[PDB]
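K.L.:
Next up, entry-v8.txt (compact mmCIF, C-alpha atoms).
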# COMPACT_ATOMS: atom_id res chain seq x y z
CA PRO L 1 0.00 0.00 0.00
CA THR L 2 0.96 3.62 -0.63
CA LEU L 3 -0.42 6.14 1.87
CA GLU L 4 -0.35 9.90 1.41
CA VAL L 5 -1.23 12.10 4.37
CA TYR L 6 -2.11 15.75 3.87
CA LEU L 7 -1.22 17.52 7.12
CA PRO L 8 -0.37 21.06 8.20
CA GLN L 9 3.11 22.39 8.89
CA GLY L 10 4.50 22.57 12.41
CA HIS L 11 4.59 18.89 13.48
CA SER L 12 7.91 17.73 14.88
CA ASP L 13 10.09 15.23 13.09
CA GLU L 14 9.58 12.79 15.96
CA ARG L 15 5.81 13.15 15.65
CA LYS L 16 5.99 12.54 11.90
CA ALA L 17 8.10 9.45 12.62
CA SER L 18 5.47 8.33 15.16
CA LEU L 19 2.76 8.93 12.56
CA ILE L 20 4.60 6.82 9.97
CA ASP L 21 5.00 4.13 12.64
CA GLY L 22 1.35 4.13 13.68
CA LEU L 23 -0.13 4.27 10.18
CA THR L 24 1.99 1.28 9.18
CA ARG L 25 0.80 -0.72 12.20
CA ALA L 26 -2.72 0.46 11.36
CA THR L 27 -2.45 -0.85 7.81
CA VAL L 28 -0.91 -4.20 8.83
CA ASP L 29 -3.72 -4.83 11.32
CA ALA L 30 -6.50 -3.63 9.02
CA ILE L 31 -5.75 -5.34 5.71
CA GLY L 32 -2.84 -7.65 6.52
CA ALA L 33 -0.23 -6.17 4.21
CA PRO L 34 3.33 -6.93 5.35
CA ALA L 35 4.77 -3.92 7.20
CA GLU L 36 7.55 -3.67 4.63
CA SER L 37 5.07 -3.17 1.78
CA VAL L 38 3.61 -0.01 3.37
CA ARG L 39 5.05 3.15 1.80
CA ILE L 40 4.02 6.51 3.27
CA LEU L 41 4.40 10.07 2.04
CA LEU L 42 3.48 12.99 4.27
CA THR L 43 2.50 16.10 2.29
CA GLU L 44 2.87 19.12 4.57
CA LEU L 45 0.92 22.20 3.48
CA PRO L 46 1.03 25.83 4.61
CA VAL L 47 -2.26 27.20 5.92
CA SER L 48 -2.50 29.38 2.78
CA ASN L 49 -2.87 26.16 0.75
CA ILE L 50 -5.57 24.47 2.89
CA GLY L 51 -9.29 25.12 2.48
CA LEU L 52 -12.26 24.16 4.67
CA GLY L 53 -15.69 25.52 3.85
CA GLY L 54 -14.01 27.95 1.47
CA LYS L 55 -11.63 29.53 4.00
CA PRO L 56 -7.92 28.92 4.69
CA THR L 57 -7.43 26.84 7.84
CA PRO L 58 -5.42 23.79 8.99
CA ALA L 59 -8.70 22.35 10.35
CA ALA L 60 -9.35 20.85 6.90
CA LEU L 61 -6.70 18.19 7.58
CA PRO L 62 -5.84 15.40 7.93
CA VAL L 63 -6.79 13.76 4.62
CA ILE L 64 -5.36 10.28 4.03
CA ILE L 65 -5.25 8.75 0.56
CA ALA L 66 -4.63 5.00 0.61
CA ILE L 67 -3.76 3.26 -2.66
CA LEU L 68 -4.32 -0.52 -2.67
CA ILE L 69 -4.20 -3.24 -5.28
CA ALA L 70 -7.81 -4.20 -5.97
CA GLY L 71 -9.27 -7.17 -4.11
CA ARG L 72 -9.81 -6.05 -0.54
CA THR L 73 -13.26 -6.69 0.92
CA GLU L 74 -15.56 -3.92 2.12
CA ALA L 75 -14.87 -5.19 5.66
CA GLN L 76 -11.11 -4.77 5.25
CA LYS L 77 -11.58 -1.28 3.81
CA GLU L 78 -13.91 -0.29 6.68
CA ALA L 79 -11.26 -1.45 9.15
CA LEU L 80 -8.58 0.42 7.20
CA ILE L 81 -10.69 3.61 7.39
CA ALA L 82 -11.22 3.14 11.13
CA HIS L 83 -7.57 2.40 11.94
CA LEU L 84 -6.01 5.10 9.76
CA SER L 85 -8.48 7.67 11.11
CA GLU L 86 -7.99 6.79 14.80
CA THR L 87 -4.19 6.64 14.36
CA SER L 88 -4.02 9.97 12.54
CA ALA L 89 -6.27 11.70 15.08
CA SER L 90 -4.41 10.33 18.10
CA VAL L 91 -0.88 11.01 16.80
CA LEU L 92 -1.64 14.44 15.36
CA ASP L 93 -3.75 15.20 18.48
CA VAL L 94 -6.91 16.27 16.64
CA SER L 95 -10.53 15.18 16.65
CA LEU L 96 -11.44 11.91 14.97
CA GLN L 97 -14.31 13.86 13.40
CA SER L 98 -11.82 15.94 11.37
CA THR L 99 -10.17 12.96 9.61
CA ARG L 100 -10.88 11.97 5.99
CA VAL L 101 -9.84 8.74 4.25
CA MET L 102 -10.04 8.01 0.53
CA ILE L 103 -9.15 4.56 -0.82
CA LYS L 104 -8.05 4.04 -4.43
CA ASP L 105 -8.32 0.48 -5.77
CA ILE L 106 -5.80 -0.33 -8.54
CA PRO L 107 -6.55 -3.34 -10.80
CA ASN L 108 -3.69 -5.82 -10.98
CA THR L 109 -3.32 -5.00 -14.69
CA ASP L 110 -2.73 -1.33 -13.69
CA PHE L 111 -0.08 -1.78 -10.98
CA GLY L 112 3.60 -2.09 -11.82
CA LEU L 113 6.58 -3.18 -9.75
CA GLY L 114 9.98 -3.38 -11.36
CA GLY L 115 8.44 -3.05 -14.82
CA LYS L 116 6.03 -5.99 -14.51
CA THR L 117 2.33 -5.80 -13.75
CA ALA L 118 0.91 -7.08 -10.48
CA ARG L 119 -1.07 -9.68 -12.41
CA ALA L 120 2.13 -10.86 -14.12
CA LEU L 121 3.59 -11.21 -10.61
CA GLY L 122 0.69 -13.15 -9.08
CA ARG L 123 -1.06 -10.31 -7.24
CA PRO X 1 -3.34 23.90 -13.19
CA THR X 2 -4.37 20.30 -12.55
CA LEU X 3 -7.23 19.61 -10.15
CA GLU X 4 -7.98 16.14 -8.80
CA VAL X 5 -11.59 16.09 -7.59
CA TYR X 6 -12.72 13.23 -5.32
CA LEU X 7 -16.49 12.56 -5.59
CA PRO X 8 -18.77 9.73 -4.50
CA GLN X 9 -20.01 7.52 -7.30
CA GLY X 10 -23.28 8.15 -9.09
CA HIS X 11 -23.20 11.55 -10.80
CA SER X 12 -24.44 11.92 -14.36
CA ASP X 13 -22.22 12.83 -17.29
CA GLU X 14 -24.12 16.14 -17.33
CA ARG X 15 -23.33 16.94 -13.70
CA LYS X 16 -19.68 15.99 -14.20
CA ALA X 17 -19.48 18.22 -17.26
CA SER X 18 -21.09 21.04 -15.28
CA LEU X 19 -18.49 20.52 -12.54
CA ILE X 20 -15.67 20.44 -15.08
CA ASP X 21 -16.89 23.72 -16.58
CA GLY X 22 -17.50 25.50 -13.26
CA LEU X 23 -14.18 24.48 -11.70
CA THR X 24 -12.36 25.56 -14.84
CA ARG X 25 -14.01 28.99 -14.69
CA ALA X 26 -13.39 29.17 -10.99
CA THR X 27 -9.68 28.52 -11.58
CA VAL X 28 -9.47 31.11 -14.37
CA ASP X 29 -11.14 33.79 -12.22
CA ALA X 30 -9.18 33.04 -9.06
CA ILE X 31 -5.58 32.76 -10.26
CA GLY X 32 -5.80 33.80 -13.90
CA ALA X 33 -4.55 30.70 -15.68
CA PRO X 34 -5.76 30.32 -19.29
CA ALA X 35 -8.72 27.96 -19.55
CA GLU X 36 -6.76 25.76 -21.97
CA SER X 37 -4.18 25.05 -19.25
CA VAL X 38 -6.81 23.87 -16.72
CA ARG X 39 -7.14 20.11 -16.33
CA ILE X 40 -9.99 18.77 -14.20
CA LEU X 41 -9.75 15.12 -13.20
CA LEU X 42 -12.78 13.61 -11.48
CA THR X 43 -12.06 10.52 -9.34
CA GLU X 44 -15.24 8.74 -8.25
CA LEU X 45 -15.03 6.50 -5.20
CA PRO X 46 -17.46 3.89 -3.84
CA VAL X 47 -18.91 4.66 -0.41
CA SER X 48 -16.95 1.65 0.89
CA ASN X 49 -13.75 3.59 0.04
CA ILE X 50 -14.69 6.95 1.63
CA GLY X 51 -14.14 7.68 5.32
CA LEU X 52 -15.22 10.56 7.57
CA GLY X 53 -14.61 10.41 11.30
CA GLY X 54 -13.45 6.83 10.87
CA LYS X 55 -16.72 5.70 9.27
CA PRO X 56 -17.70 5.03 5.64
CA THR X 57 -19.86 7.83 4.21
CA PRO X 58 -20.05 9.98 1.05
CA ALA X 59 -20.23 13.01 3.37
CA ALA X 60 -16.41 13.01 3.51
CA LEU X 61 -16.33 14.49 -0.01
CA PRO X 62 -15.76 16.60 -2.12
CA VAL X 63 -12.01 17.02 -1.72
CA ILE X 64 -10.18 19.01 -4.40
CA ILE X 65 -6.41 18.77 -4.84
CA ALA X 66 -5.14 21.68 -6.96
CA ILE X 67 -1.64 21.19 -8.38
CA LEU X 68 -0.03 24.51 -9.33
CA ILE X 69 3.40 25.64 -10.41
CA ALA X 70 4.83 27.56 -7.46
CA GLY X 71 4.50 31.33 -7.46
CA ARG X 72 0.87 32.12 -6.66
CA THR X 73 0.33 34.67 -3.92
CA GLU X 74 -1.45 33.90 -0.66
CA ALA X 75 -4.38 36.06 -1.78
CA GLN X 76 -4.65 34.21 -5.11
CA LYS X 77 -4.69 30.89 -3.25
CA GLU X 78 -7.38 32.15 -0.86
CA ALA X 79 -9.50 33.13 -3.87
CA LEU X 80 -8.87 29.74 -5.47
CA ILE X 81 -10.05 28.07 -2.29
CA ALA X 82 -13.12 30.31 -2.12
CA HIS X 83 -14.10 29.89 -5.79
CA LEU X 84 -13.45 26.15 -5.99
CA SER X 85 -15.44 25.54 -2.79
CA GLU X 86 -18.47 27.64 -3.76
CA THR X 87 -18.59 26.15 -7.26
CA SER X 88 -18.22 22.60 -5.93
CA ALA X 89 -21.00 23.04 -3.39
CA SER X 90 -23.38 24.68 -5.85
CA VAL X 91 -22.87 22.22 -8.72
CA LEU X 92 -22.93 19.16 -6.44
CA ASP X 93 -25.76 20.51 -4.24
CA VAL X 94 -23.85 19.93 -0.99
CA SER X 95 -23.01 22.11 1.99
CA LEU X 96 -20.18 24.57 1.49
CA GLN X 97 -18.97 23.36 4.88
CA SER X 98 -18.36 19.84 3.52
CA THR X 99 -15.91 21.06 0.84
CA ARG X 100 -12.13 20.73 1.17
CA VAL X 101 -9.37 22.18 -1.01
CA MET X 102 -5.66 21.38 -0.82
CA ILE X 103 -3.18 23.31 -2.97
CA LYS X 104 0.10 21.58 -3.82
CA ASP X 105 2.80 23.90 -5.20
CA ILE X 106 5.36 22.39 -7.58
CA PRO X 107 8.76 24.08 -8.07
CA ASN X 108 9.30 25.13 -11.68
CA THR X 109 12.24 22.68 -11.78
CA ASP X 110 9.87 19.85 -10.79
CA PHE X 111 7.06 20.54 -13.27
CA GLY X 112 6.93 19.30 -16.82
CA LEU X 113 5.06 20.29 -19.91
CA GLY X 114 5.68 18.60 -23.21
CA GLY X 115 8.89 17.10 -21.86
CA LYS X 116 10.45 20.41 -20.81
CA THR X 117 10.62 21.90 -17.36
CA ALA X 118 8.55 24.94 -16.44
CA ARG X 119 11.75 26.76 -15.46
CA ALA X 120 13.20 26.14 -18.93
CA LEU X 121 9.97 27.54 -20.42
CA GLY X 122 10.06 30.71 -18.30
CA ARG X 123 7.51 29.83 -15.60
CA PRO R 1 10.18 5.98 -6.97
CA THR R 2 6.40 5.82 -7.33
CA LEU R 3 4.57 7.04 -10.38
CA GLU R 4 0.87 7.83 -10.29
CA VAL R 5 -0.30 7.95 -13.87
CA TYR R 6 -3.67 9.31 -15.07
CA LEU R 7 -4.69 7.94 -18.48
CA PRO R 8 -7.97 7.56 -20.38
CA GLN R 9 -10.04 4.45 -19.74
CA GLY R 10 -10.10 1.64 -22.27
CA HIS R 11 -6.51 0.91 -23.29
CA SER R 12 -5.69 -2.78 -23.69
CA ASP R 13 -4.01 -4.75 -20.93
CA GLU R 14 -1.05 -5.16 -23.30
CA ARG R 15 -0.76 -1.40 -23.78
CA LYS R 16 -0.86 -0.78 -20.03
CA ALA R 17 1.80 -3.43 -19.48
CA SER R 18 4.01 -1.75 -22.09
CA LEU R 19 3.43 1.64 -20.42
CA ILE R 20 4.52 0.21 -17.05
CA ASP R 21 7.56 -1.35 -18.72
CA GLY R 22 8.46 1.83 -20.60
CA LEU R 23 7.95 4.23 -17.69
CA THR R 24 10.05 2.04 -15.41
CA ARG R 25 12.88 2.01 -17.95
CA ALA R 26 12.38 5.77 -18.36
CA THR R 27 12.81 6.27 -14.61
CA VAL R 28 15.94 4.09 -14.49
CA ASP R 29 17.48 5.86 -17.47
CA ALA R 30 16.69 9.30 -16.02
CA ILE R 31 17.70 9.09 -12.34
CA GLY R 32 19.52 5.74 -11.97
CA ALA R 33 17.07 4.25 -9.49
CA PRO R 34 17.07 0.44 -9.43
CA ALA R 35 14.21 -0.91 -11.50
CA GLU R 36 13.28 -3.11 -8.53
CA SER R 37 12.30 0.08 -6.63
CA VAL R 38 10.01 1.61 -9.29
CA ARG R 39 6.29 1.32 -8.57
CA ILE R 40 3.61 2.51 -10.99
CA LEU R 41 -0.04 3.21 -10.20
CA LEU R 42 -2.18 3.64 -13.30
CA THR R 43 -5.47 5.44 -12.65
CA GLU R 44 -7.88 5.08 -15.60
CA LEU R 45 -10.54 7.75 -15.95
CA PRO R 46 -13.50 7.76 -18.37
CA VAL R 47 -13.70 10.63 -20.84
CA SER R 48 -16.71 12.02 -18.95
CA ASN R 49 -14.40 12.55 -15.94
CA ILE R 50 -11.60 14.34 -17.80
CA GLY R 51 -11.66 18.09 -18.51
CA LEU R 52 -9.33 20.31 -20.53
CA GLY R 53 -10.26 23.93 -21.12
CA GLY R 54 -13.55 23.20 -19.39
CA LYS R 55 -14.71 20.46 -21.73
CA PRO R 56 -14.52 16.65 -21.46
CA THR R 57 -11.74 15.24 -23.61
CA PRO R 58 -8.95 12.63 -23.38
CA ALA R 59 -6.47 15.37 -24.37
CA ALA R 60 -6.40 16.44 -20.72
CA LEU R 61 -4.23 13.35 -20.14
CA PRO R 62 -1.61 11.88 -19.58
CA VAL R 63 -0.66 13.41 -16.26
CA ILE R 64 2.20 11.71 -14.40
CA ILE R 65 2.91 12.49 -10.75
CA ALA R 66 6.37 11.23 -9.71
CA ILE R 67 6.97 10.74 -5.98
CA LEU R 68 10.66 10.80 -5.03
CA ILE R 69 12.54 10.97 -1.78
CA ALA R 70 14.27 14.34 -1.80
CA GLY R 71 17.86 14.61 -2.97
CA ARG R 72 17.69 14.30 -6.73
CA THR R 73 19.35 17.12 -8.64
CA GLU R 74 17.60 19.60 -10.91
CA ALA R 75 19.34 17.96 -13.88
CA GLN R 76 18.07 14.52 -12.88
CA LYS R 77 14.54 15.84 -12.42
CA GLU R 78 14.77 17.51 -15.83
CA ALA R 79 15.88 14.18 -17.32
CA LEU R 80 13.00 12.39 -15.56
CA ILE R 81 10.52 14.82 -17.08
CA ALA R 82 12.00 14.34 -20.54
CA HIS R 83 12.10 10.53 -20.33
CA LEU R 84 8.62 9.95 -18.84
CA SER R 85 7.02 12.34 -21.34
CA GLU R 86 8.89 10.77 -24.27
CA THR R 87 7.85 7.26 -23.27
CA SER R 88 4.28 8.26 -22.37
CA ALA R 89 3.81 9.92 -25.75
CA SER R 90 5.24 6.89 -27.55
CA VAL R 91 3.36 4.08 -25.79
CA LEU R 92 0.03 5.95 -25.64
CA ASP R 93 0.37 7.26 -29.24
CA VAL R 94 -0.24 10.81 -28.10
CA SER R 95 1.54 14.11 -28.75
CA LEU R 96 4.61 14.88 -26.66
CA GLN R 97 3.17 18.39 -26.18
CA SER R 98 0.15 17.01 -24.30
CA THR R 99 2.18 15.19 -21.63
CA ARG R 100 2.34 16.59 -18.09
CA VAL R 101 4.75 15.53 -15.34
CA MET R 102 4.74 16.73 -11.72
CA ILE R 103 7.58 15.68 -9.43
CA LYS R 104 6.85 15.62 -5.70
CA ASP R 105 10.06 15.64 -3.65
CA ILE R 106 9.40 14.18 -0.19
CA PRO R 107 11.76 15.20 2.65
CA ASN R 108 13.38 12.16 4.24
CA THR R 109 11.65 13.11 7.52
CA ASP R 110 8.33 12.83 5.67
CA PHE R 111 8.70 9.51 3.85
CA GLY R 112 7.96 6.15 5.42
CA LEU R 113 9.27 2.74 4.38
CA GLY R 114 7.95 -0.19 6.41
CA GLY R 115 7.19 2.02 9.41
CA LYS R 116 10.60 3.75 9.52
CA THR R 117 11.45 7.18 8.16
CA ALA R 118 13.70 7.46 5.12
CA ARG R 119 15.87 9.59 7.34
CA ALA R 120 16.26 6.82 9.88
CA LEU R 121 17.17 4.44 7.03
CA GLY R 122 20.01 6.72 5.94
CA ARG R 123 18.25 8.08 2.84
Could the structure of this file be written out as structure tokens, please?

P.N.:
Amino acid sequence: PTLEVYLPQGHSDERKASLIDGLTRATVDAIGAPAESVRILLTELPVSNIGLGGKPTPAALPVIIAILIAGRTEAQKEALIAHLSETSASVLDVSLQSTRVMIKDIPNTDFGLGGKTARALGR
Amino acid sequence: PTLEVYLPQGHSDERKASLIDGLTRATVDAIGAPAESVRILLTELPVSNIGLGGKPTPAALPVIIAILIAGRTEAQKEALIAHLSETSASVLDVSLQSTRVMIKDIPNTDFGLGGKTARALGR
Amino acid sequence: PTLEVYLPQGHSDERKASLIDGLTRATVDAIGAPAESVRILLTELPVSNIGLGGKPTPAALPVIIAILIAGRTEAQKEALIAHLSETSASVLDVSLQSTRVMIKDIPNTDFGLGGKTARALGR
């Protein structure tokens, strides 16, 4: 899985490291991907770049995009949403109500690793 | 500019075309890019893939990611947020409060058009 | 490196496999990353979801977002833009002018591999 977290500026490097740690544990528990297959990118944004209700504010975040190879059940995705959301809210110290998760399913014909498709590789 | 717009599934081709037109006009008015440089990409997600507060629901959307070459002023970005949010809410018939906009700036050395960097093209 | 590629719906599985093959080779040639580290995420969109100049058209694509851990030089990123656009245009049988590439440098404090920061892994 590839996770991208939109978050505001100002969080310490140790907190970002603790977020990467928790989101990986969250993904392993939720959908069973091996820890080593979880890649995370944090996309820090200045407040000028963040909109909620049409106004600039860091309260619009966090937004987590999770990209998965197709095949996960609705139950797994529900658990992924719950775990990523709770982890993000607890580590970043914000309300669970403020968290957003969006899951992209990628067909195995549309995923590449090392130049071969996931379907070519058995996934 | 390149806008990725996350929507729940179900909207008609007409409504998507109305959203494509309105968000293109909103971008032109707010930051002044030529209409022909505005790309609108609608990503539709199943409700199973969309999380708000840790729970699956279409109410987490719309989320607009606006990818811009770096250089837009804070005031231009605030107008982009305002215009994209009002247009999204009106065309989709959803609360303005539910809308989210994230602006990702790309250094001119990191942005490509027709195989050349933006910095090499004078942007 | 991870490439998120937006392309019009409907290309054959063979064409998508060749795109993954070509774009991986393009990335290796451009920045010297090991092919084994290049991941590609193709996101197909129907023409009704794809706007350029405010109207639905496949000419709004291809858009390639390249996610890289920070540290690549401007010259390497320029080469990456040239190679991905070249190969995109060729495999998709589309004008070079229409290709778009956005590179997203991720600070090593902000990138996670298997629950550890890229910084902690010496990258």

K.L.:
Counting all atoms listed in the file, figure out which residue out of R:51, R:107, R:122, R:71 gets nearest to chain X.

P.N.:
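Between R:51, R:107, R:122, R:71, the residue approaching chain X most closely is R:51.
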
K.L.:
Please provide the set of residues having any atom within 10 Å of residue 38 in chain R, restricted to all atoms listed in the file, with same-chain residues fewer than 2 positions apart removed, written as a list in words.

P.N.:
residues 112, 113, 114 and 115 of chain L; 1, 2, 3, 20, 23, 24, 25, 27, 28, 33, 34, 35, 36 and 40 of chain R

K.L.:
CA of residue 103 in chain X to CA of residue 60 in chain R: how many Å, to one decimal?

P.N.:
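Separating CA of residue 103 in chain X from CA of residue 60 in chain R is a distance of 19.3 Å.
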
K.L.:
Please give chain L as a CSV table (one decimal) with C-alpha atoms, keeping the file's coordinate frame, after it has been superposed on chain X by least squares over all Cα atoms paired in order.

P.N.:
chain,number,residue,atom,x,y,z
L,1,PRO,CA,-3.3,23.8,-13.2
L,2,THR,CA,-4.3,20.2,-12.6
L,3,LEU,CA,-7.4,19.7,-10.4
L,4,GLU,CA,-8.4,16.3,-9.0
L,5,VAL,CA,-11.9,16.1,-7.4
L,6,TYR,CA,-12.7,13.2,-5.1
L,7,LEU,CA,-16.5,12.7,-5.3
L,8,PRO,CA,-19.0,9.9,-4.7
L,9,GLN,CA,-20.6,7.8,-7.3
L,10,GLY,CA,-24.1,8.6,-8.7
L,11,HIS,CA,-23.6,12.0,-10.3
L,12,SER,CA,-24.9,12.3,-13.8
L,13,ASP,CA,-22.6,12.8,-16.8
L,14,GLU,CA,-24.2,16.2,-17.4
L,15,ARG,CA,-23.5,17.2,-13.8
L,16,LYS,CA,-19.9,16.1,-14.1
L,17,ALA,CA,-19.6,18.1,-17.3
L,18,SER,CA,-21.1,21.1,-15.4
L,19,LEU,CA,-18.6,20.6,-12.6
L,20,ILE,CA,-15.7,20.5,-15.0
L,21,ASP,CA,-17.1,23.7,-16.6
L,22,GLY,CA,-17.6,25.5,-13.3
L,23,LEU,CA,-14.2,24.5,-11.7
L,24,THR,CA,-12.5,25.8,-14.9
L,25,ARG,CA,-14.2,29.1,-14.7
L,26,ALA,CA,-13.5,29.2,-11.0
L,27,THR,CA,-9.8,28.7,-11.6
L,28,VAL,CA,-9.6,31.3,-14.4
L,29,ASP,CA,-11.2,33.9,-12.2
L,30,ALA,CA,-9.2,33.0,-9.1
L,31,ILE,CA,-5.6,32.8,-10.3
L,32,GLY,CA,-5.9,33.9,-14.0
L,33,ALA,CA,-4.7,30.7,-15.7
L,34,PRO,CA,-5.9,30.5,-19.3
L,35,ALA,CA,-9.0,28.2,-19.4
L,36,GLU,CA,-7.1,25.9,-21.8
L,37,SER,CA,-4.4,25.2,-19.2
L,38,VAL,CA,-6.9,23.8,-16.6
L,39,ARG,CA,-6.9,20.0,-16.6
L,40,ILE,CA,-9.4,18.2,-14.4
L,41,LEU,CA,-9.7,14.6,-13.2
L,42,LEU,CA,-12.8,13.5,-11.3
L,43,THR,CA,-12.1,10.5,-9.1
L,44,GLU,CA,-15.4,8.8,-8.3
L,45,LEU,CA,-15.3,6.5,-5.2
L,46,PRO,CA,-17.8,4.0,-3.9
L,47,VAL,CA,-19.1,4.6,-0.4
L,48,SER,CA,-17.0,1.6,0.8
L,49,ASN,CA,-13.9,3.6,-0.1
L,50,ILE,CA,-14.8,6.9,1.6
L,51,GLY,CA,-14.2,7.6,5.3
L,52,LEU,CA,-15.4,10.4,7.6
L,53,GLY,CA,-14.7,10.3,11.3
L,54,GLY,CA,-13.7,6.7,10.8
L,55,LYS,CA,-17.0,5.5,9.2
L,56,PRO,CA,-17.9,4.9,5.5
L,57,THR,CA,-20.0,7.7,4.1
L,58,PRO,CA,-20.1,9.9,1.0
L,59,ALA,CA,-20.3,12.9,3.4
L,60,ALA,CA,-16.5,13.0,3.5
L,61,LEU,CA,-16.4,14.5,0.0
L,62,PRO,CA,-15.8,16.6,-2.0
L,63,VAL,CA,-12.0,16.9,-1.6
L,64,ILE,CA,-10.3,19.0,-4.3
L,65,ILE,CA,-6.6,18.8,-4.9
L,66,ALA,CA,-5.2,21.7,-7.0
L,67,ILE,CA,-1.7,21.4,-8.4
L,68,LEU,CA,-0.1,24.8,-9.4
L,69,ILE,CA,3.3,25.9,-10.5
L,70,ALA,CA,4.8,27.8,-7.6
L,71,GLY,CA,4.5,31.6,-7.5
L,72,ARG,CA,0.9,32.3,-6.7
L,73,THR,CA,0.3,34.8,-3.8
L,74,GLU,CA,-1.6,33.8,-0.7
L,75,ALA,CA,-4.4,36.1,-1.9
L,76,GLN,CA,-4.7,34.1,-5.2
L,77,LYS,CA,-4.7,30.8,-3.3
L,78,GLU,CA,-7.4,32.1,-0.9
L,79,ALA,CA,-9.5,33.1,-3.8
L,80,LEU,CA,-8.9,29.7,-5.5
L,81,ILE,CA,-10.0,28.0,-2.3
L,82,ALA,CA,-13.1,30.1,-2.1
L,83,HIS,CA,-14.1,29.6,-5.8
L,84,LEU,CA,-13.4,25.9,-6.0
L,85,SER,CA,-15.3,25.3,-2.8
L,86,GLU,CA,-18.4,27.4,-3.7
L,87,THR,CA,-18.4,25.9,-7.2
L,88,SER,CA,-18.1,22.3,-6.0
L,89,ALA,CA,-20.8,22.8,-3.3
L,90,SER,CA,-23.2,24.4,-5.7
L,91,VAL,CA,-22.8,22.0,-8.6
L,92,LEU,CA,-22.7,18.8,-6.4
L,93,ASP,CA,-25.6,20.3,-4.3
L,94,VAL,CA,-23.9,19.9,-0.9
L,95,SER,CA,-23.0,22.2,1.9
L,96,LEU,CA,-20.0,24.5,1.5
L,97,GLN,CA,-19.0,23.4,5.0
L,98,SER,CA,-18.3,19.8,3.6
L,99,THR,CA,-15.8,20.9,1.0
L,100,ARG,CA,-12.0,20.5,1.3
L,101,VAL,CA,-9.3,22.1,-0.8
L,102,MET,CA,-5.6,21.2,-0.8
L,103,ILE,CA,-3.1,23.2,-3.0
L,104,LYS,CA,0.2,21.7,-4.1
L,105,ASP,CA,2.9,24.2,-5.2
L,106,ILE,CA,5.4,22.7,-7.7
L,107,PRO,CA,8.7,24.6,-8.2
L,108,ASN,CA,9.4,25.5,-11.8
L,109,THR,CA,12.5,23.1,-11.7
L,110,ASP,CA,10.0,20.3,-10.8
L,111,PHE,CA,7.4,20.7,-13.5
L,112,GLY,CA,7.8,19.3,-16.9
L,113,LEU,CA,5.9,19.9,-20.2
L,114,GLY,CA,7.0,18.1,-23.3
L,115,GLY,CA,10.2,17.0,-21.6
L,116,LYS,CA,11.4,20.4,-20.6
L,117,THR,CA,11.1,22.0,-17.2
L,118,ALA,CA,8.9,25.0,-16.5
L,119,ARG,CA,11.9,27.1,-15.7
L,120,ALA,CA,13.5,26.1,-19.0
L,121,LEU,CA,10.2,27.3,-20.6
L,122,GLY,CA,10.0,30.6,-18.8
L,123,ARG,CA,7.5,29.7,-16.1

K.L.:
Starting from chain L, keep only residues with some atom at most 7 Å from an atom of chain X, counting all atoms listed in the file, and report them as an mmCIF file with C-alpha atoms, in the frame of the given file.

P.N.:
data_model
loop_
_atom_site.group_PDB
_atom_site.id
_atom_site.type_symbol
_atom_site.label_atom_id
_atom_site.label_comp_id
_atom_site.auth_asym_id
_atom_site.auth_seq_id
_atom_site.Cartn_x
_atom_site.Cartn_y
_atom_site.Cartn_z
ATOM 1 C CA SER L 48 -2.500 29.380 2.780
ATOM 2 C CA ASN L 49 -2.870 26.160 0.750
ATOM 3 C CA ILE L 50 -5.570 24.470 2.890
ATOM 4 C CA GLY L 51 -9.290 25.120 2.480
ATOM 5 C CA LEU L 52 -12.260 24.160 4.670
ATOM 6 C CA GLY L 53 -15.690 25.520 3.850
ATOM 7 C CA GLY L 54 -14.010 27.950 1.470
ATOM 8 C CA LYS L 55 -11.630 29.530 4.000
ATOM 9 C CA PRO L 56 -7.920 28.920 4.690
ATOM 10 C CA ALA L 60 -9.350 20.850 6.900
ATOM 11 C CA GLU L 74 -15.560 -3.920 2.120
ATOM 12 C CA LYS L 77 -11.580 -1.280 3.810
ATOM 13 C CA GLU L 78 -13.910 -0.290 6.680
ATOM 14 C CA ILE L 81 -10.690 3.610 7.390
ATOM 15 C CA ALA L 82 -11.220 3.140 11.130
ATOM 16 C CA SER L 85 -8.480 7.670 11.110
ATOM 17 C CA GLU L 86 -7.990 6.790 14.800
ATOM 18 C CA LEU L 96 -11.440 11.910 14.970
ATOM 19 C CA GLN L 97 -14.310 13.860 13.400
ATOM 20 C CA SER L 98 -11.820 15.940 11.370
ATOM 21 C CA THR L 99 -10.170 12.960 9.610
ATOM 22 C CA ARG L 100 -10.880 11.970 5.990
ATOM 23 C CA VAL L 101 -9.840 8.740 4.250
ATOM 24 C CA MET L 102 -10.040 8.010 0.530
ATOM 25 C CA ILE L 103 -9.150 4.560 -0.820
#

K.L.:
For a test of reading the model, state the distance in Å between CA of residue 17 in chain L and CA of residue 106 in chain L, rounded to one decimal.

P.N.:
27.1 Å

K.L.:
Mind pulling up the distance from CA of residue 26 in chain X to CA of residue 42 in chain R?

P.N.:
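Computing the Euclidean distance for CA of residue 42 in chain R and CA of residue 26 in chain X yields 28.0 Å.
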
K.L.:
Just want the 12 Å neighbourhood of residue 18 in chain R, counted on only C-alpha atoms, with same-chain residues fewer than 3 positions away dropped. Output as a ChimeraX atom specification.

P.N.:
/L:109-112,115-117 /R:11-15,21-26,40,87-88,90-92

K.L.:
Which of these, L:5, L:68, L:118, L:19, has the shortest distance to residue 93 in chain L once you count all atoms listed in the file?

P.N.:
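The shortest atom-to-atom distance to residue 93 in chain L comes from L:19.
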